[PDB]
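Peer 1: This structure is in structure tokens; I'll ask about it shortly.
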Amino acid sequence: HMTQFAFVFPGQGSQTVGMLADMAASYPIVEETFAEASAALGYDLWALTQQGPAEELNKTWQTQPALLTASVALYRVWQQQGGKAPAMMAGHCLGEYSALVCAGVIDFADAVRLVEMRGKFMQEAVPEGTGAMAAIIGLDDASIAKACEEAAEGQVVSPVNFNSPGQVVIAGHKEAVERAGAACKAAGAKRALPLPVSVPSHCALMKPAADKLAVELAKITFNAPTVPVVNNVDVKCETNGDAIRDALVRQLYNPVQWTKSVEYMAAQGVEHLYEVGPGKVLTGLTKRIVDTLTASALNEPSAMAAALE
Amino acid sequence: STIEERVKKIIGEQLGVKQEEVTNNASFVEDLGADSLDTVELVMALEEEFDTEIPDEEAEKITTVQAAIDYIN
Ligand SMILES: *CC(=O)NCCNC(=O)CCNC(=O)[C@H](O)C(C)(C)COP(*)(=O)O
């Protein structure tokens, strides 16, 4: 009972061809979890994650169930080997769905179908090749908002993810994103890095997609969470079904408050964040938000073993 | 200043960290707080000081202070 920890769940952009291959080879429950997802989706999700190509893995209505299933499989490895539940959970963007499954709010197969539809609604609202997301590194929030306002030119572009001090993600129309990134660099930003996502999440272009998502979420049972989950849009731990549904709807077209979410967990006494998903994106953010927090990833078998001991 | 001391200083400079925290077993991400952009810059800065050109197949293996020390030898 010594060190309090949370589980954090990554979102779109963290997928890679071949992710979780070592974990699956050690733990049969990984591929059993993908077989459940695959039955709900009508195709073999494990093969897509392992063979690709990256062009297919990067299409958002396939990206989202792939990442969700990867995170749920890692949580099932943890629990199967006797790991205890975390003190709280927070999911980054699509990761909020993975946290809600692991907390017992949404049934796993329901969630798999739900995030496939969410990707389809998002792609419908902003078609393939027309939107973009970019990570602006090392520039104050006043300047980025000014760069975005001046670069719109009748299009949409705005800051959507407050990921850390010194990292804000912007999103909107592809050409608007390029003009805003150039102006950010011209204003003193260290980098304007394009991200491997096929839709611009959390910007106003997603508002019609959120209207359709509200109707789909109404058709799904929500249970009371067994572990507190901090949501992205309000930085709140909701328990009622209607509150959680509304926060998912609003997440699609409002900013993700990841900095404030990690501050809140630390203020509740969390000392270590484990990243439950592929890649190390959330781990790389943690110390820039709260210098006294530590973080690590649970996507390799050796890391899993060391954390369980 | 030997190779190991020069590798340790650069890591401390790049990552903004006190020399006592740059221990031989620290990893850049989980212990010294680097992200994936900081590690690419750290590898570049190592190529600068030691006039080597690290092929990015084995730059991706340089994840700890000791891995960098051992590569520069
Ligand atoms: C949740 C969401 O909106 N996902 C799509 C947008 N991507 C992000 O918000 C995260 C962007 N930041 C990163 O991907 C990494 O921090 C960097 C900048 C690419 C460095 O990567 P490295 O630590 O692996």
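All residue names refer to the structure tokens as shown: chains lettered A, B, ... in order, residues numbered from 1 in each chain, ligands numbered from 1 in order.
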Among range 17-57 of chain B, which residues carry a DSSP assignment of helix (DSSP H, G or I), reported as a PyMOL selection string?

Peer 2: chain B and resi 19-21+36-50+56-57

Peer 1: Dump as CSV the rows for residues of chain B within 12 Å of chain A: closest atom pair and distance in Å with one decimal, only C-alpha atoms counted, ordered by chain and rising residue number.

Peer 2:
```
residue,atom,partner,partner_atom,distance
B:15,CA,A:288,CA,11.4
B:16,CA,A:288,CA,11.4
B:17,CA,A:291,CA,11.7
B:27,CA,A:296,CA,10.7
B:28,CA,A:284,CA,9.6
B:29,CA,A:284,CA,6.2
B:30,CA,A:296,CA,5.7
B:31,CA,A:294,CA,7.6
B:32,CA,A:287,CA,8.7
B:33,CA,A:287,CA,5.6
B:34,CA,A:284,CA,6.0
B:35,CA,A:284,CA,4.2
B:36,CA,A:284,CA,7.1
B:37,CA,A:284,CA,9.3
B:38,CA,A:284,CA,9.4
B:39,CA,A:284,CA,10.5
```

Peer 1: Compile the contact shell of residue 9 in chain A as a PyMOL selection string: residues with an atom at most 9 Å away, counting only C-alpha atoms, same-chain residues fewer than 5 positions apart removed.

Peer 2: chain A and resi 68+71+89-99+274-277+282

Peer 1: Keeping only N, CA, C and O atoms, write the selected residues as a CSV table (one decimal), in the first residue's frame.

Peer 2:
```
chain,number,residue,atom,x,y,z
A,68,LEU,N,-8.2,1.0,-28.4
A,68,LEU,CA,-9.1,0.6,-27.3
A,68,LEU,C,-8.8,-0.8,-26.9
A,68,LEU,O,-8.6,-1.1,-25.7
A,71,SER,N,-5.4,-1.4,-25.2
A,71,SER,CA,-5.4,-0.9,-23.8
A,71,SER,C,-6.2,-1.9,-22.9
A,71,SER,O,-5.7,-2.2,-21.8
A,89,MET,N,-8.1,6.6,-12.7
A,89,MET,CA,-7.8,6.5,-14.1
A,89,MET,C,-8.1,7.8,-14.8
A,89,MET,O,-8.9,8.6,-14.4
A,90,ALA,N,-7.3,8.0,-15.9
A,90,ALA,CA,-7.6,9.1,-16.8
A,90,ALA,C,-7.2,8.7,-18.2
A,90,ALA,O,-6.1,8.1,-18.4
A,91,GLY,N,-8.1,8.9,-19.2
A,91,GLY,CA,-7.9,8.5,-20.6
A,91,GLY,C,-7.7,9.8,-21.4
A,91,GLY,O,-8.5,10.7,-21.3
A,92,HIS,N,-6.7,9.8,-22.3
A,92,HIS,CA,-6.4,10.9,-23.1
A,92,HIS,C,-7.2,10.7,-24.4
A,92,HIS,O,-6.8,9.9,-25.3
A,93,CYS,N,-8.2,11.5,-24.6
A,93,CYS,CA,-9.0,11.6,-25.9
A,93,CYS,C,-9.7,10.2,-26.1
A,93,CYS,O,-10.6,9.9,-25.3
A,94,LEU,N,-9.3,9.5,-27.1
A,94,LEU,CA,-9.9,8.1,-27.3
A,94,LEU,C,-9.6,7.3,-26.0
A,94,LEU,O,-10.4,6.4,-25.7
A,95,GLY,N,-8.5,7.5,-25.3
A,95,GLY,CA,-8.2,6.8,-24.1
A,95,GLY,C,-9.3,6.9,-23.0
A,95,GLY,O,-9.3,6.0,-22.1
A,96,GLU,N,-10.1,7.9,-23.0
A,96,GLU,CA,-11.2,8.0,-22.1
A,96,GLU,C,-12.2,6.8,-22.2
A,96,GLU,O,-12.7,6.3,-21.2
A,97,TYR,N,-12.4,6.4,-23.4
A,97,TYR,CA,-13.2,5.2,-23.6
A,97,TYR,C,-12.5,4.0,-23.0
A,97,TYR,O,-13.2,3.1,-22.3
A,98,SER,N,-11.2,3.8,-23.1
A,98,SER,CA,-10.6,2.7,-22.6
A,98,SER,C,-10.6,2.7,-21.1
A,98,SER,O,-10.7,1.7,-20.4
A,99,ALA,N,-10.5,3.9,-20.5
A,99,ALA,CA,-10.6,4.0,-19.0
A,99,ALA,C,-12.0,3.6,-18.5
A,99,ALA,O,-12.1,2.9,-17.5
A,274,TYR,N,1.1,4.9,-14.6
A,274,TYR,CA,1.4,3.9,-15.5
A,274,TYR,C,0.7,4.1,-16.8
A,274,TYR,O,-0.6,4.2,-16.7
A,275,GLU,N,1.4,4.1,-17.9
A,275,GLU,CA,0.7,4.3,-19.2
A,275,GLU,C,0.3,2.9,-19.8
A,275,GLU,O,1.2,2.0,-20.0
A,276,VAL,N,-1.0,2.7,-19.9
A,276,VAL,CA,-1.6,1.4,-20.3
A,276,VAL,C,-2.0,1.4,-21.7
A,276,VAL,O,-3.2,1.6,-22.1
A,277,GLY,N,-1.0,1.2,-22.6
A,277,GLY,CA,-1.3,1.3,-24.1
A,277,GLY,C,0.1,1.3,-24.8
A,277,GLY,O,1.1,1.3,-24.2
A,282,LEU,N,2.3,9.6,-23.3
A,282,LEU,CA,1.8,10.2,-22.0
A,282,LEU,C,2.9,10.2,-21.0
A,282,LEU,O,3.0,11.1,-20.1
```

Peer 1: Could you give me, as CSV, every chain A residue with an atom at most 10 Å from ligand 1, plus its closest atom pair and distance in Å to one decimal, counting only C-alpha atoms and all ligand atoms, rows ordered by chain then number?

Peer 2:
```
residue,atom,partner,partner_atom_place_in_ligand_line,distance
A:9,CA,ligand 1,1 (C),9.4
A:10,CA,ligand 1,1 (C),6.7
A:11,CA,ligand 1,1 (C),4.5
A:12,CA,ligand 1,4 (N),4.4
A:13,CA,ligand 1,5 (C),5.4
A:14,CA,ligand 1,14 (O),7.1
A:91,CA,ligand 1,1 (C),8.4
A:92,CA,ligand 1,1 (C),4.8
A:93,CA,ligand 1,1 (C),3.8
A:94,CA,ligand 1,1 (C),6.0
A:95,CA,ligand 1,1 (C),7.2
A:96,CA,ligand 1,1 (C),9.0
A:132,CA,ligand 1,6 (C),9.7
A:133,CA,ligand 1,6 (C),6.6
A:134,CA,ligand 1,6 (C),7.7
A:135,CA,ligand 1,11 (C),5.8
A:136,CA,ligand 1,18 (C),8.2
A:137,CA,ligand 1,18 (C),7.4
A:160,CA,ligand 1,3 (O),7.7
A:161,CA,ligand 1,9 (O),5.8
A:162,CA,ligand 1,9 (O),8.0
A:163,CA,ligand 1,9 (O),6.5
A:164,CA,ligand 1,16 (O),8.9
A:167,CA,ligand 1,18 (C),7.4
A:168,CA,ligand 1,9 (O),7.9
A:169,CA,ligand 1,9 (O),5.9
A:170,CA,ligand 1,6 (C),8.7
A:171,CA,ligand 1,6 (C),8.8
A:191,CA,ligand 1,18 (C),9.0
A:192,CA,ligand 1,18 (C),9.2
A:193,CA,ligand 1,18 (C),7.1
A:194,CA,ligand 1,19 (C),8.4
A:195,CA,ligand 1,7 (N),6.5
A:196,CA,ligand 1,5 (C),7.9
A:197,CA,ligand 1,5 (C),6.3
A:198,CA,ligand 1,5 (C),9.3
A:199,CA,ligand 1,5 (C),8.8
A:200,CA,ligand 1,5 (C),7.9
A:201,CA,ligand 1,3 (O),6.0
A:202,CA,ligand 1,3 (O),7.1
A:232,CA,ligand 1,1 (C),9.4
A:251,CA,ligand 1,3 (O),9.9
A:252,CA,ligand 1,3 (O),9.5
A:255,CA,ligand 1,3 (O),9.0
A:256,CA,ligand 1,3 (O),7.4
A:258,CA,ligand 1,1 (C),9.0
A:279,CA,ligand 1,24 (O),6.5
A:280,CA,ligand 1,24 (O),5.4
A:281,CA,ligand 1,23 (O),4.3
A:282,CA,ligand 1,16 (O),7.2
A:283,CA,ligand 1,23 (O),7.4
A:284,CA,ligand 1,23 (O),4.9
A:285,CA,ligand 1,16 (O),6.6
```

Peer 1: Range 43-247 of chain A: which residues are strand (DSSP E) by DSSP, as a PyMOL selection string?

Peer 2: chain A and resi 88-91+131-137+157-164+167-173+191-194+229-230

Peer 1: Taking 3 positions as the minimum chain separation for residues in the same chain, which residues sit within 9 Å of residue 114 in chain A when counting only C-alpha atoms? Answer as number ranges by chain.

Peer 2: A: 65, 109-111, 117-119, 213, 216-217, 220

Peer 1: Identify, on the basis of only C-alpha atoms, every residue whose closest approach to residue 9 in chain B does not exceed 12 Å; exclude the query and any residue fewer than 4 positions from it along the same chain; express the result as a VMD selection string.

Peer 2: chain B and resid 1 to 5 13 to 23 42 45 to 46 49 65 69

Peer 1: So what do you get for CA of residue 106 in chain A versus CA of residue 223 in chain A, distance-wise?

Peer 2: 6.7 Å

Peer 1: Between CA of residue 306 in chain A and CA of residue 269 in chain A, measure the distance and give it in Å to one decimal.

Peer 2: 22.5 Å
